[PDB]
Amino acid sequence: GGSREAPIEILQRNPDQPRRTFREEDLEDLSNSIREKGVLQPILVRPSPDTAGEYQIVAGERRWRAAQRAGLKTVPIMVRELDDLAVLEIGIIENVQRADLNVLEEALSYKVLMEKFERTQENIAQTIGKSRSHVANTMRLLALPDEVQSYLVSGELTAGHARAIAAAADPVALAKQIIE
């Protein structure tokens, strides 16, 4: 059994899904991102244990909720027979076994969009489903010295602190201030 488009309305959440909390800010970004390029990773479901002809989401609740807000009529699914232990395992694995992109690898990606493909920071924001603010701030990090970038490449400079350092009117000045 491969992956198929299926009517969004015949899908339901597992209450015992490892993820409890869902921030509006993030869900808005995903629904925006889905409105543009659609649902890119198919949603993992098992046949519903409670209701007939329904599917219980094993992995991809945010995708389902985002696609709902985005007003998509169908979603891509993969149906696999799974017991309650399998689902909890998979639920953890999909979210735990994945490496985040370095904020500089992200910034460089935006540079290439601008230079090689002549995309404005607005064009980028609209396509990737993030704010013009986030894009601008992310790219400003490319200005910083090689040494401070090496701190972000290494992780020494906190990834959270990076977005803050970027927002500053005098961003490079906050490099030495990071020590204290």
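Numbering starts at 1 and runs along the sequence shown.
Engineer: Using only C-alpha atoms and the B-factors in the entry, which stretch averages higher, 100-108 or 85-93?
Structural biologist: In the deposited entry, the stretch with the higher C-alpha B-factor mean is 100-108.
Engineer: For the C-alpha atoms alone, is the average B factor greater in 138-146 or in 65-73, going by the entry?
Structural biologist: Mean B over CA atoms: larger for 138-146.
Engineer: From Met114, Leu152, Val39, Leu44, can you pick the one with the highest C-alpha B factor in the entry?
Structural biologist: Out of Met114, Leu152, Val39, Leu44, the record gives the largest C-alpha B-factor to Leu152.
Engineer: Just say lowest, middle or highest third for the CA B-factor of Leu30 relative to the other modelled residues in its chain.
Structural biologist: Middle third, going by the recorded CA B-factors of the chain.
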